[PDB]
Amino acid sequence: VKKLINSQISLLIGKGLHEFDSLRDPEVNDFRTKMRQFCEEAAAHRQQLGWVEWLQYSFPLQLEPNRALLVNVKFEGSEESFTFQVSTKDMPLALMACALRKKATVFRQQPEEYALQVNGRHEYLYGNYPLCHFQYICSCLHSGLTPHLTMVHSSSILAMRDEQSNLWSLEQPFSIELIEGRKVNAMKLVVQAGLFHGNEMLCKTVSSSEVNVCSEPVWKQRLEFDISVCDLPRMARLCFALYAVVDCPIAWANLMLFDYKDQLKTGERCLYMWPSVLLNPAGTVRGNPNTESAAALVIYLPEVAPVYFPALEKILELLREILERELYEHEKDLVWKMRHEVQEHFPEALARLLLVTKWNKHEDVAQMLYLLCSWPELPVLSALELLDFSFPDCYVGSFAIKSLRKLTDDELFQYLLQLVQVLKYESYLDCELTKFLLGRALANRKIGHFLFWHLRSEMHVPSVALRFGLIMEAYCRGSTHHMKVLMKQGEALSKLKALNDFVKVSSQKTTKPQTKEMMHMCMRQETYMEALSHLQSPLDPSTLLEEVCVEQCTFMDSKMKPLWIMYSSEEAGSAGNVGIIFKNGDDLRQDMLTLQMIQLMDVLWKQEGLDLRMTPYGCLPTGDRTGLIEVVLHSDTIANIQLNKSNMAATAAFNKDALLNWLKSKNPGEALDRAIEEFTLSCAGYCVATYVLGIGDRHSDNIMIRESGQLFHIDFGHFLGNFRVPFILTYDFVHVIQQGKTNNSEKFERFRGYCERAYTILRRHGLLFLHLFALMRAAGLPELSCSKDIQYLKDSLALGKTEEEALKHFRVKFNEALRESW
Ligand SMILES: Cn1nc(-c2cnc(N)c(-n3nnc4ccccc43)n2)nc1C1(c2ccccc2)CC1
């Protein structure tokens, strides 16, 4: 029984559970035990929940950040439905009450017992909220489509829950014996060694003696550091760098001076080094698992006796305003002097105080930790800044989580990608961040779905494969049913990869209609038909990919031959006519990050009352250079619309009219007025979005138009001006904005106003963009690798200037794009 679950986890995570045992590591074994129990206890509480509370887990509410409408309602065991005339201000309970009264007149004879399931979707309508606050109703309100809902009784929901169950004394300096190496290179070898506490040094780096390349080099040298053993912070990091000199970097390796049990490491240690692109403190504290080819560094941690880092009770036992808006030595001394006044009057300034404290002097740390243990809870924004590698202390790490508990399931979902990357900065497997991540994942099925995929997509990277595999296993222990649900998704993606491999080969050997017909024949096979059907969309668990519409499936002509997979659902009808894009060969992490950042911009705008009709379509990396994209139906690229093909309704005399004529054929008469507003709003939003994010390499092939008039951008191959990029304005768009007139200044000044507003709103939450992009440096992304990358945002947002100076600077950049526009 349990054996099947193990073999299931192994296949799902893509790593055998025997691999964890084979290492014979007690840190791993202790993580597996402690977290399993934690996740099994998390699974237990879930079984003793209420039916509404279970709906809050399985299907969390999709809400938005008067006027009547038609709504179709049916009951679970019947085809017969009723169409009502409800208001957008109505609660689902009133709609549920109408459905029960209309059932009673048909059947010839309480709303609080039911829930409204969205037809052919893992979405529900409940809670004291008006219908126009629900994301599904709003999708139906703007498109004009009729919403279809199903009355699901408390007993049927409770049936689902049931079928889905399971010390200061050591004053000598820190020193090490650098014994020998086992590397490969072309010259002499030097071992540079430093002691770090996050981004900064505890003492100055000490180098080794130049020993000839004759690999398998021997030093047997005693390296001393200008720091006392008693001064070593709990999270102290000993970092090594091996390089060739007559500079050529060869490899790097880091290790924690204390273990997971808080004991100071002593003795002989073999360090399997990682290849180099000089000293890398941010890099992993675990060795290269490629012991076969990886270079090794033999070092000795000298004994000082068993010494454990002191417990919290022992640690606890032992012109100010003008600068508080990078600081000189005298200024640092000021903040440390008036450290008590910071706790009392500037709690949010905790970050600046944590950076001025001398972590290389243990008495200074104890005083800081004493202030931290009695420090007031920080706002979510400040707690996000504290998760950065700049704050490596465990007690600091704990404080950040403590302040992040007030995060809503909506807020946490938005920053989940960033919180997952931060796991790479973690020094030990058992951490307060994982316990928080798992805890929230097991209390919300949507959080858990995306936690899984964010971890599973990185299993091909050896440095994080152990950590992630272990996290994903603990999650599976807490959710046996979800593990199976996730397995179905993996089976589909497995088949998609093989089908794509065929398409890739065939496209080089025959014509497109021939390859297309054989993709279809391959899809129609029993194993393919069964695997590609009846699964929760990995891009959105609430979207159900039911029957695969094989005839409507195809592939794309770009280098990587991306797959176009279409679906259909009877129950959902038109909300079940969903499409996905499978791409293999390109890394989709940046694309996801860019779409998430655009998705947040849209949230920050919608909170301020402004809806710039953005298209935040899904993008999810799933494996090694593998991922998915959400199809935006009834949309086409600018280029395809501009190709002005014959026999069509969009016959344009001039190129500038290509877009407007297309919108005319898709929006007739009084429908076009709406489409032009949709275009103007979305154009304004994407103009500011692309400018702030610094998206380059823009052409008619990567800009798309919805049939509703809504403009959007695809394929974000380059961001932060990494190819300083300017604002972009195209004559064909200005023409649409101006309703198809050479001079329509009033429609353009309104457009210029949408840009300024969007720009001012983003600037107010500028720090939110800085803190998130700073945590994203942990991903490895080459275009977001250093501080110079972060600098583009500081400039594009102008966060060191006043609103009047920044709005003027924006007008200058807007005028430079208008002049460049032909
Ligand atoms: C009708 N159509 N719709 C799309 C579409 C819709 N939603 C998307 N999300 C999307 N995205 N987005 N990112 C992407 C990155 C690579 C490829 C597409 C990407 N593309 N593409 C087409 C065309 C097409 C479609 C099928 C076959 C041949 C040609 C070009 C005309």
Which listed residue is surrounded by fewer than 17 Cβ atoms within 10 Å (Cβ to Cβ) and touching a strand residue (DSSP E or B) at 6+ places or on another chain (Cβ under 7 Å), from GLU113, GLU79: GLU113
Residue identified as under 30 Å from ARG613 (Cβ atoms) and either over 38 Å from the mean Cα position of the chain (by Cα) or buried (at least 16 other Cβ atoms within 10 Å of the Cβ) (or both) among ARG101, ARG46, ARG121, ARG108: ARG121
Which listed residue, of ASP586, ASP624, is out of contact with any strand residue (DSSP E or B) (no Cβ under 6 Å at 6 or more places or on another chain), within 22 Å of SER558 (Cβ to Cβ), more than 16 Å from the ligand (Cβ to nearest atom) and not polar (S, T, N, Q): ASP624
Hits in region 643-653 (condition: of a type outside the set (A, V, I, L, M, F, W, C) and either within 16 Å of the chain's Cα centre (by Cα) or away from the ligand (no atom under 16 Å from the Cβ) (or both)): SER646, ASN647, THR651
Within region 308-342, tally of residues that are assigned to a helix (DSSP H, G or I) and either exposed (fewer than 13 other Cβ atoms within 10 Å of the Cβ) or under 38 Å from the mean Cα position of the chain (by Cα) (or both): 22
Elements of type helices (runs of 4 or more DSSP H) in region 703-797, at least 3 residues being closer than 23 Å to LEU588 by Cα: 766-775, 787-797
Residue that is nearest to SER507 (Cα to Cα) [pool: residues in region 550-568 that are away from the ligand (no atom under 13 Å from the Cβ) and surrounded by 14 or more Cβ atoms within 10 Å (Cβ to Cβ)]: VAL550
Filter result for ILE581 (surrounded by fewer than 22 Cβ atoms within 10 Å (Cβ to Cβ), among the β-branched types (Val, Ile, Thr), in a strand (DSSP E or B) and within 14 Å of the ligand (Cβ to nearest atom)): yes
Some residue of region 742-761 being more than 22 Å from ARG613 (Cβ to Cβ) and buried (at least 18 other Cβ atoms within 10 Å of the Cβ): no
Residue match in region 780-800 (condition: surrounded by 19 or more Cβ atoms within 10 Å (Cβ to Cβ), closer than 30 Å to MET459 by Cα and either aliphatic (A, V, I, L, M) or within 16 Å of the ligand (Cβ to nearest atom) (or both)): yes
Qualifying positions in region 600-621 - farther than 20 Å from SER143 by Cα and within 15 Å of the ligand (Cβ to nearest atom): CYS619, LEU620, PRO621
Subset of region 184-235 (residues that are more than 40 Å from the chain's Cα centre (by Cα) and among the polar types (S, T, N, Q)): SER208, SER209, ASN212, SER215, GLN221, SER228
Set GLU678, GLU670: member being surrounded by 19 or more Cβ atoms within 10 Å (Cβ to Cβ) and away from the ligand (no atom under 16 Å from the Cβ): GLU678
Unique residue being among the polar types (S, T, N, Q), part of a helix (DSSP H, G or I) and within 11 Å of the ligand (Cβ to nearest atom) when the list is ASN640, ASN661: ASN640
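Since every read-out is calculated from the coordinates, none of them should be taken as a lab result. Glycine gets a Cβ as well: all are built from the backbone with ideal geometry, and neighbour counts include every protein chain shown.
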